[PDB]
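Working notes for the structure below.
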Ligand SMILES: Nc1nc2c(ncn2[C@@H]2O[C@H](COP(=O)(O)OP(=O)(O)O)[C@@H](O)[C@H]2O)c(=O)[nH]1
Ligand SMILES: [Mg+2]
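Numbering (the entry's author numbering), first residue to last: 1 to 60, 70 to 169.
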């Protein structure tokens, strides 16, 4: 199997842990300690390649060595969306590159209180040249898609 090192970043409270816990446990957590920053492993077949996803769920070596970044905001949190820029500047600085495998994730899609429309998120991901994927860690909508798509963005950038 092949290792892929993934890093989930974004403002406090957006769903990094919930996304990460969904992917691995297939369940939704209401209350995950917002300070717990830790690495999780998951073995999964993605397009016939057995993959070991090594995932840092940041709380706020992986930044330097992480091969791909899920930049998460919550769609019912405008501030978190506006914050994306800073998470991106951080990763560009660390990698000394504008071409970092990256997906922009708009989480909490299940929630009715939408303050960031898909067109805004699409405008942002287009400026950056990255995919935008909408998720809900609660229903699991898009969660596999965000993580797989990040894997695929990593393969697009380098041989794995
Ligand atoms: N309804 C809903 N609540 C969510 C979702 N993701 C996270 N939450 C809630 O938002 C709070 C913060 O989640 P935790 O994100 O994982 O925050 P982070 O790890 O600091 O980004 C918790 O109460 C979660 O249950 C989601 O997709 N839908
Ligand atoms: Mg957390």
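The C-beta atom is built at its ideal place from N, Cα and C for all residues, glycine as well.
Leaving aside the five residues before and after residue 38 along the sequence, list all residues of the same chain whose C-beta is less than 6 Å from its C-beta, in chain order. Start at 1 with the first residue of the chain shown, and residue 38 comes out as number 38. The answer is none, since no qualifying residue turns up.
To which residues of the same chain is residue 160 closer than 6 Å at the C-beta, ignoring the five residues directly before and after it? Here the question's residue 160 lines up with position 151 in the chain shown. So the qualifying residues of the chain are 4 and 46.
Near residue 49, which residues of its chain fall below 7 Å by C-beta distance, leaving aside the five closest residues on each side in sequence? Start at 1 with the first residue of the chain shown, and residue 49 comes out as number 49. Only 2 meet the Cβ criterion.
Can you tell me where the beta strand (DSSP E) holding residue 28 begins and where it ends? Against the chain shown, residue 28 aligns to sequence position 28. Here residue 28 belongs to no beta strand (DSSP E), and DSSP marks it neither H nor E.
Rank 105, 84 and 102 by C-alpha distance to the C-alpha of residue 120 and give the top, closest one. Mapped onto the chain shown, residue 120 falls at position 111. Here the closest residue by C-alpha is 84.
I want to check one thing, is the minimum distance from the CB of residue 30 to the heavy atoms of ligand 1 below 7 Å? What you label residue 30 is simply residue 30 of the chain shown in a count that begins at 1. Answer for residue 30: yes, Cβ within range of ligand 1.
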